[PDB]
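Q: This structure is in structure tokens; I'll ask about it shortly.
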Amino acid sequence: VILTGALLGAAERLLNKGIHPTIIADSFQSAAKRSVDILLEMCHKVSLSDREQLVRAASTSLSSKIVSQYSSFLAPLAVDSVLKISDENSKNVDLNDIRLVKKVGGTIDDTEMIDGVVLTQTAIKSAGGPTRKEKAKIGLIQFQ
Amino acid sequence: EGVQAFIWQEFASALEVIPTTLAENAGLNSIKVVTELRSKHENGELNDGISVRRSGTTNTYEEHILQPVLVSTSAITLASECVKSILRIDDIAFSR
Amino acid sequence: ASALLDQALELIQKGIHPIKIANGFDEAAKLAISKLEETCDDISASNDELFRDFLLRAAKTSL
Amino acid sequence: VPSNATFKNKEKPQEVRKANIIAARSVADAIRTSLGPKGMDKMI
Amino acid sequence: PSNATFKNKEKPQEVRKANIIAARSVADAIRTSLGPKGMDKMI
Amino acid sequence: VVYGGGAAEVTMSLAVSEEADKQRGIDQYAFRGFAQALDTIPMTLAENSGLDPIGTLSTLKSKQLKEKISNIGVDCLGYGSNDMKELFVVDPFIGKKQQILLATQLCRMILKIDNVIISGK
Amino acid sequence: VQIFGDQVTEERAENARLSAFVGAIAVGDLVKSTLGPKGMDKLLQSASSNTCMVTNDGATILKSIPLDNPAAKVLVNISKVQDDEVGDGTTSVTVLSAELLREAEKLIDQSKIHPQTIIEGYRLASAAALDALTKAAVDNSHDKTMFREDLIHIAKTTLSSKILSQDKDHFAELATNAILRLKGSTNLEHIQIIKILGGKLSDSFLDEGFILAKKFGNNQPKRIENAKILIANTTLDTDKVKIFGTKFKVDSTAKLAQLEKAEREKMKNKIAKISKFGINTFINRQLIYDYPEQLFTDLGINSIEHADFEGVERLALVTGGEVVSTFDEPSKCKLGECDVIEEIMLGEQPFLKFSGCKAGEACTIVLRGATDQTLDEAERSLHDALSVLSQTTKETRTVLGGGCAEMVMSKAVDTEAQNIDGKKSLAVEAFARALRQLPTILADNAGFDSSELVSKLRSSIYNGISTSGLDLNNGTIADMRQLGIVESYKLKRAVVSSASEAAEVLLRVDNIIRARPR
Amino acid sequence: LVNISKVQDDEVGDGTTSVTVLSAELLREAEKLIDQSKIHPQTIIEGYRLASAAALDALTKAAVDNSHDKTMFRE
Ligand SMILES: Nc1ncnc2c1ncn2[C@@H]1O[C@H](COP(=O)(O)OP(=O)(O)O)[C@@H](O)[C@H]1O
Ligand SMILES: Nc1ncnc2c1ncn2[C@@H]1O[C@H](COP(=O)(O)OP(=O)(O)O)[C@@H](O)[C@H]1O
Ligand SMILES: Nc1ncnc2c1ncn2[C@@H]1O[C@H](COP(=O)(O)OP(=O)(O)O)[C@@H](O)[C@H]1O
Ligand SMILES: [Mg+2]
Ligand SMILES: [Mg+2]
Ligand SMILES: [Mg+2]
């Protein structure tokens with residue numbers, strides 16, 4: 001949203017200089033197309049998994065939020081979340097497998113990756129028989 | 001040597017707003033900082049930029065400030081497409 | 001005056017203080033006046049017959 | 001040289017394009033402050 | 001025929017009709033005040 | 001069928017005019033008013049077609065009084081001949097009759113109104 | 001007197017006329033900038049819900065803008081039906097209809113000619129124009145290579161004015177390849193427009209097979225090789241039995257538990273009827289409940305639910321099979337086959353991509369862009385291109401574009417202007433100047449001199465040659481056959497016929513009666 | 001158009017409607033040059049300067065002086 005306004009500021013003075021808008025428009029498309037080729041020469045390839053690059057990249061890319069100073073433990077959390085889904089074809093990894101559950105309470109420092117599937121809803125407690133389960137078999141009922 | 005080249009000069013001048021905005025947010029003088037961007041880049045072909053912690057110019061690869069190429073690619077690409085659509089507008093007519 | 005103001009808009013975006021902007025035009029204005037005072041020629045050496053023509057040069061310019 | 005081959009009528013597109021550019025840049029000035037590590041947050 | 005002059009104007013004849021009816025309206029107001037069998041008008 | 005376009009109107013106008021001076025009475029002015037009322041239709045066609053109503057009305061009255069052939073009317077498209085045998089124009093008798101019947105029967109009702117009360121909405 | 005009542009505007013013969021002509025001037029000046037390749041797009045701001053619309057089509061501009069003028073409503077309706085018939089050329093109708101009335105305004109005022117006499121000149125002038133347009137056409141479709149090339153030129157000529165003018169070299173292949181895949185079937189419902197945010201305008205790629213925005217079930221696998229496709233307009237939902245009016249009388253709940261057992265056994269036997277064919281996927285029109293969904297797991301059958309009515313025919317024609325609901329006789333209803341049933345992701349929404357089908361009678365145009373206003377322009381642009389190219393399959397004759405069709409039609413009109421006696425010959429020449437005003441406007445939008453190119457084009461075609469045209473890139477006369485600019489014969493025939501009827505309706509007016517609004 | 005007619009009424013006392021209809025027709029004829037042909041406004045007035053100069057020169061030769069005879073001036 002800032003580079004767009006900057007190029008419009010460039011086109012502002014160019015409209016007074018007797019140049020057509022279509023010539024100004026095609027110049028940016030040709031200039032932008034050349035800009036892609038310059039960065040393709042500059043960018044460096046990386047391995048499938050590299051904690052030195054991915055963790056530092058994730059921490060220095062947030063850079064503006066409240067959890068940027070908490071990124072000492074959340075940047076590995078983001079890298080470890082995506083590395084579980086791996087493919088050689090460079091697929092578009094879907095973020096539906098990475099669910100972000102919002103619970104009001106506590107602090108951000110208590111945030112940590114749960115090993116299993118965390119459920120948002122609470123128990124019914126109409127009868128309240130069991131308290132804590134161990135070695136339980138989970139089933140998904142769809143009927144009533 | 002064409003009128004298309006004169007537009008590309010303004011394209012290069014307007015693209016320098018990103019380090020200028022970083023200088024104003026950090027409080028540093030933009031011309032003094034941007035003058036160092038010009039002084040170090042003719043020899044340094046890449047990884048030369050601004051670091052906010054030290055408030056100066058240094059090698060960004062040593063300080064670990066990296067980003068994907070697709071982010072900057074989509075920014076330059078989508079920005080040119082938006083200006084292409086805005087400049088083709090001529091009239092603002094009220095409708096239902 | 002609008003041309004100085006329009007070009008000053010781009011320099012305010014860069015973060016230059018307005019007094020340094022104003023002092024720059026003051027030094028540039030006197031420098032331009034000092035140069036233009038040297039390059040222009042005098043017409044008092046000519047006689048009255050040619051001095052009338054110089055008024056006709058400016059009279060047609062103003063009308 | 002002059003008075004030939006054209007005359008630019010309907011300069012309102014030029015006025016409309018200027019109004020759209022300054023309108024887009026004025027919105028960009030509010031978003032410009034949030035750039036970089038030294039940017040700020042916005043409450044809406 | 002097709003080569004006849006249309007004259008482009010029907011507003012003049014309409015205005016003349018509006019004036020004739022307006023002139024005949026007041027002329028017919030004082031029609032019954034003529035002759036020995038006329039009637040007086042108190043205004 | 002009949003042949004309209006000003007031919008039936010001028011034919012029916014002079015028929016009542018020739019009988020007006022035979023049956024003077026007091027209703028002769030009503031026969032003349034009915035005659036001149038029928039003449040407004042071909043004069044309207046002459047007005048819309050741009051032709052002169054003086055030459056058009058005078059020609060139809062003078063010609064139709066001389067010759068008995070009653071299929072000559074106002075040529076609006078600007079042809080050189082006014083005889084409608086060649087121009088391919090035909091109208092029904094029931095259609096041209098109802099113009100006179102519904103008109104003369106309405107105007108009796110229009111003339112018989114004296115008191116006119118209009119309740120404002 | 002006042003018969004019409006209070007708040008009723010009436011006009012008579014000098015306010016009635018010159019209110020429609022200034023309305024024809026008002027509606028024509030808006031769409032003047034949109035005509036041609038260098039035309040500027042108009043932005044429409046709605047009065048409610050802050051809804052904006054970027055659009056170049058003259059019909060869509062007149063759809064949204066309110067116009068209380070009755071004469072402008074005629075131009076609103078003729079652009080609507082022109083968009084319904086051909087889809088392209090609505091702006092040329094509004095411009096040519098307005099300029100015909102602009103010329104006729106001068107013939108009524110300056111020359112003092114009756115309106116009916118002007119129409120009689122336009123009838124003979126329009127007949128001479130269509131006869132020249134018929135003789136100027138050229139046959140096609142005898143060679144498939146030439147028919148392939150002419151559709152590419154028609155797609156380039158159509159998309160030259162839209163937002164795809166820069167990338168028309170790539171979109172011409174995408175536009176013409178989809179039409180040849182229809183196998184003669186003229187219908188636009190078999191082409192889908194999937195909206196995807198991101199990328200650039202030239203990222204639109206041609207899809208092999210058929211792609212749509214649906215999803216598998218909860219337990220279904222990702223990939224199945226050589227999957228048999230079936231389409232059910234069935235109710236795999238709670239079927240009920242259709243003799244509405246069935247209720248269940250229950251004396252004891254012992255048989256009611258066995259009654260519910262029969263309901264589950266009823267639908268089990270229905271899904272068992274599906275497995276007799278041995279299909280690999282199952283496509284249903286409406287929502288599938290969970291109990292049918294669990295039964296497709298062990299049988300190795302994929303599931304797709306909530307398919308649109310258009311999507312049934314769009315997927316069935318690519319599959320080649322027919323929609324089956326009874327599932328009784330496995331002999332008839334031979335199904336198709338698809339190689340790759342693997343889905344892909346373009347943006348944040350997964351789409352089911354198919355490839356390697358029997359037939360491709362239905363297609364799908366994948367688009368990429370920045371703003372939805374550009375995608376809406378991309379939809380309307382290719383909809384006009386695909387509509388023109390689809391009707392070019394049934395109507396084979398075409399005509400050269402680039403403004404040469406307007407001047408070559410006016411040549412026969414000017415030739416037939418001399419031998420017509422009377423005052424209507426000036427109206428015959430007024431029709432010629434109306435055809436000349438279209439290429440006059442093409443030079444104005446491009447920013448070049450209009451009087452020189454129109455004078456050079458007009459003097460060039462009367463010499464004997466009839467292949468010259470306007471080249472707005474260089475700003476001079478050039479050969480249209482070299483550049484490859486050609487348009488359909490029914491398009492320009494509809495434009496001249498619609499514009500002739502447009503001037504005829506508004507020229508036969510003498511009074512305006514505007515009743516009170518509700 | 002009101003002021004040019006007032007000056008003509010005070011100056012000569014005749015020809016006011018001719019100035020009003022001719023000055024409006026010059027702007028009417030100049031309208032299509034601006035719209036259709038796209039002529040500069042400075043070019044339209046520049047032609048009217050040379051056209052008006054030749055116009056008054058036509059009246060210089062087209063006039064006739066009847067001062068030599070009072071009977072012809074009376075006529
Ligand atoms: N081509 C023609 N030549 C001569 N007379 C005509 C021609 N066309 C129409 N008319 C006459 O003009 C009349 C017009 O009637 P018309 O306007 O069609 O019916 P209405 O008045 O109910 O609309 C007809 O009665 C006919 O006699
Ligand atoms: N590439 C081109 N070169 C020259 N003229 C063109 C070109 N493309 C289109 N035209 C002209 O533009 C005119 C109108 O184009 P059209 O596609 O109908 O625009 P719209 O859909 O806005 O009416 C046509 O008569 C044609 O001659
Ligand atoms: N009987 C006539 N024959 C020919 N021309 C006439 C006759 N009467 C008037 N004219 C012309 O009509 C014009 C009338 O102009 P006028 O109405 O006096 O202008 P204004 O009212 O503006 O002074 C004159 O120029 C004259 O040439
Ligand atoms: Mg970031
Ligand atoms: Mg088009
Ligand atoms: Mg006078």
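Scheme for the structure tokens: letters A, B, ... for chains in order shown; per-chain residue numbers from 1; ligand numbers from 1 in order shown.
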Residues of chain H within 12 Å of chain G, counting only C-alpha atoms - could you list those as a list in words?
A: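 Every residue meeting the condition is included here: residues 25, 28, 29, 32, 33, 35, 36, 37, 38 and 39 of chain H.
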Q: Grab the residues selected above and save them as an mmCIF file, in the first residue's frame with C-alpha atoms.
A:
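Contents of the output file again-v5.cif:
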```cif
data_model
loop_
_atom_site.group_PDB
_atom_site.id
_atom_site.type_symbol
_atom_site.label_atom_id
_atom_site.label_comp_id
_atom_site.auth_asym_id
_atom_site.auth_seq_id
_atom_site.Cartn_x
_atom_site.Cartn_y
_atom_site.Cartn_z
ATOM 1 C CA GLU H 25 -24.063 32.181 -35.084
ATOM 2 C CA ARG H 28 -22.526 28.387 -33.123
ATOM 3 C CA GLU H 29 -20.257 27.829 -36.134
ATOM 4 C CA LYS H 32 -18.274 22.404 -34.220
ATOM 5 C CA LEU H 33 -14.661 23.483 -34.810
ATOM 6 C CA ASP H 35 -15.822 19.684 -30.867
ATOM 7 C CA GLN H 36 -15.625 17.976 -34.268
ATOM 8 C CA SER H 37 -12.445 19.329 -35.888
ATOM 9 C CA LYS H 38 -10.726 20.187 -32.552
ATOM 10 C CA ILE H 39 -9.390 23.620 -33.522
#
```
Q: Around ligand 1, out to 10 Å and counting only C-alpha atoms and all ligand atoms, which residues are there? I want them as a ChimeraX atom specification.
A: /F:2-9,41-42,44-45,72-79,82-84,87-92,95-96,99
Q: Could those selected residues go to a file with N, CA, C and O atoms, as a CSV table (one decimal), in the first residue's frame?
A:
```csv
chain,number,residue,atom,x,y,z
F,2,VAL,N,-64.7,0.8,-48.6
F,2,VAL,CA,-64.7,2.2,-49.1
F,2,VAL,C,-63.3,2.6,-49.5
F,2,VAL,O,-62.4,1.8,-49.4
F,3,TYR,N,-63.2,3.9,-49.9
F,3,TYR,CA,-61.9,4.5,-50.2
F,3,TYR,C,-61.8,5.8,-49.5
F,3,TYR,O,-62.3,6.8,-49.9
F,4,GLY,N,-61.1,5.8,-48.3
F,4,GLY,CA,-60.9,7.0,-47.5
F,4,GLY,C,-59.8,7.9,-48.0
F,4,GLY,O,-59.6,8.0,-49.2
F,5,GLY,N,-59.1,8.5,-47.0
F,5,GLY,CA,-58.1,9.5,-47.3
F,5,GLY,C,-58.6,10.8,-47.9
F,5,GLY,O,-57.9,11.3,-48.8
F,6,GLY,N,-59.7,11.3,-47.4
F,6,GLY,CA,-60.3,12.5,-47.8
F,6,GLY,C,-61.3,12.4,-48.9
F,6,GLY,O,-62.0,13.4,-49.2
F,7,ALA,N,-61.4,11.3,-49.6
F,7,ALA,CA,-62.4,11.1,-50.6
F,7,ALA,C,-63.8,10.8,-50.1
F,7,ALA,O,-64.8,11.4,-50.6
F,8,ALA,N,-63.9,10.0,-49.0
F,8,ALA,CA,-65.2,9.8,-48.4
F,8,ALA,C,-65.7,11.0,-47.6
F,8,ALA,O,-66.9,11.2,-47.5
F,9,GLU,N,-64.8,11.8,-47.1
F,9,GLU,CA,-65.2,13.0,-46.3
F,9,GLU,C,-65.8,14.1,-47.2
F,9,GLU,O,-66.8,14.6,-46.9
F,41,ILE,N,-60.9,16.7,-41.6
F,41,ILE,CA,-60.0,15.5,-41.7
F,41,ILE,C,-59.1,15.6,-42.9
F,41,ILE,O,-57.9,15.5,-42.7
F,42,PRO,N,-59.6,15.9,-44.1
F,42,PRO,CA,-58.6,16.0,-45.3
F,42,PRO,C,-57.8,17.3,-45.2
F,42,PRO,O,-56.7,17.3,-45.7
F,44,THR,N,-56.6,18.3,-42.3
F,44,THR,CA,-55.5,17.8,-41.4
F,44,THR,C,-54.5,17.0,-42.1
F,44,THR,O,-53.3,17.1,-41.9
F,45,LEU,N,-54.9,16.2,-43.1
F,45,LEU,CA,-54.0,15.4,-43.9
F,45,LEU,C,-53.2,16.3,-44.8
F,45,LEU,O,-52.0,16.1,-45.1
F,72,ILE,N,-61.3,9.9,-55.2
F,72,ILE,CA,-60.2,10.9,-55.3
F,72,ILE,C,-60.1,11.6,-54.0
F,72,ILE,O,-61.1,12.1,-53.5
F,73,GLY,N,-58.9,11.6,-53.3
F,73,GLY,CA,-58.7,12.2,-52.0
F,73,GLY,C,-57.3,12.9,-52.0
F,73,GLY,O,-56.8,13.3,-53.0
F,74,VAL,N,-56.9,13.1,-50.8
F,74,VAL,CA,-55.6,13.9,-50.5
F,74,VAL,C,-54.5,12.9,-50.6
F,74,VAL,O,-54.3,11.9,-49.8
F,75,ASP,N,-53.6,13.1,-51.6
F,75,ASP,CA,-52.4,12.4,-51.7
F,75,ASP,C,-51.3,13.0,-50.8
F,75,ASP,O,-50.8,14.0,-51.1
F,76,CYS,N,-50.9,12.2,-49.8
F,76,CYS,CA,-50.0,12.7,-48.8
F,76,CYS,C,-48.5,12.3,-49.1
F,76,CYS,O,-47.6,13.1,-48.6
F,77,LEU,N,-48.3,11.2,-49.8
F,77,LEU,CA,-46.9,10.8,-50.1
F,77,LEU,C,-46.3,11.6,-51.2
F,77,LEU,O,-45.1,11.4,-51.6
F,78,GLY,N,-47.1,12.5,-51.9
F,78,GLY,CA,-46.5,13.4,-52.9
F,78,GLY,C,-46.5,12.8,-54.3
F,78,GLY,O,-45.6,13.2,-55.1
F,79,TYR,N,-47.4,11.8,-54.6
F,79,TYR,CA,-47.5,11.3,-55.9
F,79,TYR,C,-48.1,12.3,-56.9
F,79,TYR,O,-48.7,13.3,-56.5
F,82,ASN,N,-53.7,12.0,-58.0
F,82,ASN,CA,-54.6,11.8,-56.9
F,82,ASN,C,-55.6,10.7,-56.9
F,82,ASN,O,-56.3,10.4,-55.9
F,83,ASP,N,-55.8,10.1,-58.1
F,83,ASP,CA,-56.7,8.9,-58.2
F,83,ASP,C,-56.1,7.8,-57.4
F,83,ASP,O,-55.0,7.3,-57.6
F,84,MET,N,-57.0,7.3,-56.5
F,84,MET,CA,-56.6,6.2,-55.5
F,84,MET,C,-56.8,4.8,-56.1
F,84,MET,O,-56.5,3.8,-55.3
F,87,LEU,N,-53.0,3.9,-56.3
F,87,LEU,CA,-52.2,4.1,-55.2
F,87,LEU,C,-52.3,2.9,-54.1
F,87,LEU,O,-51.6,2.9,-53.2
F,88,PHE,N,-53.2,2.0,-54.3
F,88,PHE,CA,-53.4,0.8,-53.5
F,88,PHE,C,-53.7,1.2,-52.0
F,88,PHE,O,-53.0,1.0,-51.1
F,89,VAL,N,-54.9,1.8,-51.9
F,89,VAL,CA,-55.4,2.2,-50.6
F,89,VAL,C,-56.9,1.8,-50.5
F,89,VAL,O,-57.7,2.2,-51.4
F,90,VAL,N,-57.2,1.1,-49.5
F,90,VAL,CA,-58.6,0.6,-49.2
F,90,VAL,C,-58.9,0.6,-47.7
F,90,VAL,O,-58.0,0.3,-47.0
F,91,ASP,N,-60.1,1.0,-47.4
F,91,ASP,CA,-60.6,1.0,-46.0
F,91,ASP,C,-61.9,0.3,-45.8
F,91,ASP,O,-62.6,0.2,-46.8
F,92,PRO,N,-62.3,-0.2,-44.6
F,92,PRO,CA,-63.6,-0.8,-44.5
F,92,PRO,C,-64.7,0.2,-44.3
F,92,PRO,O,-64.5,1.3,-43.9
F,95,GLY,N,-65.5,0.5,-40.5
F,95,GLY,CA,-64.6,1.4,-39.7
F,95,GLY,C,-64.8,2.9,-40.0
F,95,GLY,O,-64.8,3.6,-39.0
F,96,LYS,N,-65.1,3.3,-41.2
F,96,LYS,CA,-65.3,4.7,-41.5
F,96,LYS,C,-66.7,5.1,-41.0
F,96,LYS,O,-66.9,6.3,-40.7
F,99,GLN,N,-66.7,6.2,-37.2
F,99,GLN,CA,-66.1,7.5,-36.9
F,99,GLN,C,-67.2,8.6,-36.8
F,99,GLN,O,-67.2,9.5,-35.9
```
Q: Give as a PyMOL selection string every residue of chain B that touches chain C within 12 Å, counting only C-alpha atoms.
A: chain B and resi 13-14+16-25+27-34
Q: Suppose we keep N, CA and C atoms; can you now write the selection as a short mmCIF file (atom, residue, chain, number, x, y, z; two decimals), in the first residue's frame?
A:
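Dumped everything to out_7.cif:
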```cif
data_model
loop_
_atom_site.label_atom_id
_atom_site.label_comp_id
_atom_site.auth_asym_id
_atom_site.auth_seq_id
_atom_site.Cartn_x
_atom_site.Cartn_y
_atom_site.Cartn_z
N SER B 13 13.27 6.53 -8.78
CA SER B 13 13.29 7.52 -7.71
C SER B 13 12.18 7.29 -6.69
N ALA B 14 10.98 6.92 -7.15
CA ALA B 14 9.87 6.68 -6.25
C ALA B 14 10.00 5.37 -5.48
N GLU B 16 12.56 4.42 -3.85
CA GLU B 16 13.44 4.63 -2.70
C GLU B 16 12.69 5.11 -1.46
N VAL B 17 11.35 5.08 -1.46
CA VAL B 17 10.60 5.55 -0.30
C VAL B 17 10.66 4.58 0.88
N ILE B 18 10.94 3.30 0.63
CA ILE B 18 10.95 2.29 1.69
C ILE B 18 12.10 2.55 2.66
N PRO B 19 13.36 2.73 2.23
CA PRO B 19 14.39 3.11 3.20
C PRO B 19 14.23 4.53 3.72
N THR B 20 13.57 5.41 2.97
CA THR B 20 13.30 6.75 3.49
C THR B 20 12.30 6.70 4.64
N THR B 21 11.28 5.84 4.53
CA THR B 21 10.31 5.70 5.60
C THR B 21 10.94 5.05 6.83
N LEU B 22 11.88 4.13 6.62
CA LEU B 22 12.59 3.53 7.75
C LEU B 22 13.44 4.55 8.48
N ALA B 23 14.00 5.52 7.76
CA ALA B 23 14.82 6.55 8.40
C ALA B 23 13.97 7.47 9.27
N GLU B 24 12.77 7.82 8.81
CA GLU B 24 11.91 8.72 9.57
C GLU B 24 11.32 8.03 10.80
N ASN B 25 10.97 6.75 10.68
CA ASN B 25 10.46 6.02 11.84
C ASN B 25 11.54 5.81 12.89
N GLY B 27 14.05 7.90 13.29
CA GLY B 27 14.54 9.20 13.69
C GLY B 27 15.81 9.66 13.00
N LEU B 28 16.47 8.80 12.23
CA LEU B 28 17.69 9.18 11.54
C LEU B 28 17.37 10.09 10.35
N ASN B 29 18.36 10.88 9.96
CA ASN B 29 18.23 11.75 8.80
C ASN B 29 18.21 10.91 7.54
N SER B 30 17.19 11.11 6.69
CA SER B 30 17.01 10.26 5.52
C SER B 30 18.12 10.48 4.50
N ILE B 31 18.54 11.73 4.30
CA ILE B 31 19.54 12.02 3.28
C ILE B 31 20.90 11.47 3.70
N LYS B 32 21.24 11.56 4.99
CA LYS B 32 22.50 11.01 5.46
C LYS B 32 22.50 9.49 5.37
N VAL B 33 21.36 8.85 5.67
CA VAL B 33 21.27 7.40 5.57
C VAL B 33 21.27 6.97 4.10
N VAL B 34 20.43 7.62 3.28
CA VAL B 34 20.33 7.26 1.87
C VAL B 34 21.62 7.57 1.13
#
```
Q: To check your reading of the model: which residues sit at most 6 Å from ligand 2 when counting only C-alpha atoms and all ligand atoms? Write the answer as a ChimeraX atom specification.
A: /G:34-37,57,88-92,157-158,160-161,401-403,470-471
Q: Once you count only C-alpha atoms and all ligand atoms, which residues end up within 12 Å of ligand 3, and could you hand them over as an MDAnalysis selection string?
A: chainID H and resid 5 8:9 12:22
Q: What does the file look like for those residues with N, CA and C atoms, as a short mmCIF file (atom, residue, chain, number, x, y, z; two decimals), in the first residue's frame?
A:
```cif
data_model
loop_
_atom_site.label_atom_id
_atom_site.label_comp_id
_atom_site.auth_asym_id
_atom_site.auth_seq_id
_atom_site.Cartn_x
_atom_site.Cartn_y
_atom_site.Cartn_z
N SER H 5 -25.67 44.62 -27.61
CA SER H 5 -26.90 45.16 -28.17
C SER H 5 -27.20 46.55 -27.62
N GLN H 8 -24.92 48.95 -29.53
CA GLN H 8 -25.40 49.15 -30.89
C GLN H 8 -26.67 49.99 -30.91
N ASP H 9 -27.52 49.84 -29.90
CA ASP H 9 -28.72 50.67 -29.81
C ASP H 9 -28.38 52.13 -29.55
N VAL H 12 -25.79 53.51 -33.12
CA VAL H 12 -26.44 53.70 -34.41
C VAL H 12 -27.96 53.77 -34.26
N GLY H 13 -28.53 52.93 -33.40
CA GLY H 13 -29.96 52.83 -33.22
C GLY H 13 -30.65 51.83 -34.13
N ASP H 14 -29.89 51.01 -34.86
CA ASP H 14 -30.47 50.01 -35.74
C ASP H 14 -29.44 48.91 -35.97
N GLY H 15 -29.94 47.72 -36.27
CA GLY H 15 -29.10 46.56 -36.49
C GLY H 15 -28.71 45.81 -35.23
N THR H 16 -29.47 45.94 -34.15
CA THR H 16 -29.12 45.27 -32.90
C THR H 16 -29.37 43.77 -32.98
N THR H 17 -30.50 43.38 -33.58
CA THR H 17 -30.80 41.96 -33.72
C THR H 17 -29.84 41.27 -34.68
N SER H 18 -29.32 42.00 -35.67
CA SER H 18 -28.34 41.43 -36.58
C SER H 18 -27.04 41.11 -35.85
N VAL H 19 -26.64 41.97 -34.91
CA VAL H 19 -25.44 41.70 -34.11
C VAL H 19 -25.68 40.51 -33.19
N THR H 20 -26.89 40.42 -32.61
CA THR H 20 -27.19 39.35 -31.67
C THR H 20 -27.23 38.00 -32.38
N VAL H 21 -27.85 37.94 -33.57
CA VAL H 21 -27.98 36.67 -34.28
C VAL H 21 -26.67 36.30 -34.98
N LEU H 22 -25.89 37.28 -35.43
CA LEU H 22 -24.63 36.99 -36.11
C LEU H 22 -23.55 36.60 -35.11
#
```
Q: Residues at most 12 Å from residue 18 in chain F, counting only C-alpha atoms, excluding those fewer than 6 positions away in the same chain, as an MDAnalysis selection string?
A: chainID F and resid 11:12 24 28 31:32 35 61 65
Q: With N, CA and C atoms retained, export the selected residues as a PDB file, in the first residue's frame.
A:
```pdb
ATOM      1  N   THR F  11     -66.896  13.596 -50.161  1.00  0.00           N
ATOM      2  CA  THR F  11     -68.090  13.051 -50.799  1.00  0.00           C
ATOM      3  C   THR F  11     -69.308  13.195 -49.895  1.00  0.00           C
ATOM      4  N   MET F  12     -69.139  12.942 -48.596  1.00  0.00           N
ATOM      5  CA  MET F  12     -70.227  13.071 -47.637  1.00  0.00           C
ATOM      6  C   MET F  12     -70.489  14.513 -47.215  1.00  0.00           C
ATOM      7  N   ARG F  24     -83.942  24.375 -46.107  1.00  0.00           N
ATOM      8  CA  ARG F  24     -83.462  25.561 -45.349  1.00  0.00           C
ATOM      9  C   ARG F  24     -83.993  25.521 -43.916  1.00  0.00           C
ATOM     10  N   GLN F  28     -80.437  24.439 -41.272  1.00  0.00           N
ATOM     11  CA  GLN F  28     -79.465  24.488 -42.362  1.00  0.00           C
ATOM     12  C   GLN F  28     -78.062  24.788 -41.852  1.00  0.00           C
ATOM     13  N   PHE F  31     -76.494  21.553 -40.827  1.00  0.00           N
ATOM     14  CA  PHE F  31     -75.988  20.803 -41.972  1.00  0.00           C
ATOM     15  C   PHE F  31     -74.672  21.388 -42.470  1.00  0.00           C
ATOM     16  N   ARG F  32     -74.570  22.718 -42.521  1.00  0.00           N
ATOM     17  CA  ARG F  32     -73.318  23.354 -42.912  1.00  0.00           C
ATOM     18  C   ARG F  32     -72.216  23.124 -41.889  1.00  0.00           C
ATOM     19  N   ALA F  35     -71.028  19.729 -42.511  1.00  0.00           N
ATOM     20  CA  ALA F  35     -70.227  19.688 -43.730  1.00  0.00           C
ATOM     21  C   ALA F  35     -68.809  20.175 -43.467  1.00  0.00           C
ATOM     22  N   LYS F  61     -63.501  19.874 -53.916  1.00  0.00           N
ATOM     23  CA  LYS F  61     -64.881  20.344 -53.992  1.00  0.00           C
ATOM     24  C   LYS F  61     -65.284  20.624 -55.435  1.00  0.00           C
ATOM     25  N   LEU F  65     -67.718  17.796 -57.454  1.00  0.00           N
ATOM     26  CA  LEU F  65     -69.001  18.317 -57.911  1.00  0.00           C
ATOM     27  C   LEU F  65     -69.182  18.104 -59.409  1.00  0.00           C
TER      28      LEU F  65
END
```
Q: Just need the residues of chain A within 8 Å of chain B, counting only C-alpha atoms, so spit them out as JSON, numbers by chain.
A: {"A": [1, 3, 4, 6, 7, 8, 9, 10, 14, 21, 22, 23, 24, 25, 26, 27, 28, 29, 31, 32, 33, 35, 36, 39, 40, 42, 43, 56, 57, 60, 61]}
Q: Run DSSP on the backbone and grab whatever in range 17-143 of chain A lands in helix (DSSP H, G or I); send it over as a ChimeraX atom specification.
A: /A:21-42,51-62,66-68,71-83,95-97,108-110
Q: Any residue with an atom at most 10 Å from ligand 4 counts, using only C-alpha atoms and all ligand atoms. Which are they? Put them as a PyMOL selection string.
A: (chain A and resi 58-65) or (chain B and resi 67+71) or (chain D and resi 35-37)
Q: If you count only C-alpha atoms, which residues fall within 12 Å of residue 298 in chain G, apart from same-chain ones fewer than 5 positions away, as a ChimeraX atom specification?
A: /G:219-221,271-272,275,280,292-293
